[PDB]
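Chemist: Okay, here's the structure, questions in a sec.
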Amino acid sequence: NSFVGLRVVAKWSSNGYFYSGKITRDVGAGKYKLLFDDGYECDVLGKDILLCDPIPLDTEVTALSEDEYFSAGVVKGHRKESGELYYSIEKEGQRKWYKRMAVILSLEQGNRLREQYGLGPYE
């Protein structure tokens, strides 16, 4: 048994930022059989939709504000319940508990991690 019910990030093309996903089963070497945190399922190769925390417990990440123009706040405490999801983003001096889609992350906040926790098992 392992991470076949894992916590994931969602990038289709590398365009500099990722959305959120959750896994259902593991598909081969490099792949994940996944559904988005909001209900969109597929099987894909992982360097797109992969095994995350999502991101490090010290992370000034981006919070859902505009498309190229979004603003940062910090991941500190997070959990996932059997049909409820909450990520505590420390923002504006207070904690915003959002299901993972109200946070985003960019590639280099992903790439720092990519080798150690998730953001690429395959090349």
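Indices start at 1 and increase along the chain as displayed.
Backbone N, Cα and C atoms are what each Cβ position is placed from, and that goes for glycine too.
The region 'Tudor-like' annotation in Swiss-Prot covers 1-120. Per Swiss-Prot, the feature region 'Interaction with dimethylated histone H4' maps to 12-40. Marked as SUMO2 cross-link by Swiss-Prot on the basis of similarity to another entry: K80. Among the features that Swiss-Prot reports, SUMO1 cross-link is placed at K80, with the record citing similarity to another entry.
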Chemist: What are the helix, strand and coil residue counts for the region 'Tudor-like' (1-120) according to DSSP?
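Modeler: Counting residues per DSSP class in the region 'Tudor-like' (1-120), I get 7 helix, 60 strand, 53 coil.
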Chemist: Let's check the environment of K80 (SUMO2 cross-link): how many other CB atoms sit within 10 Å of its CB?
Modeler: 16
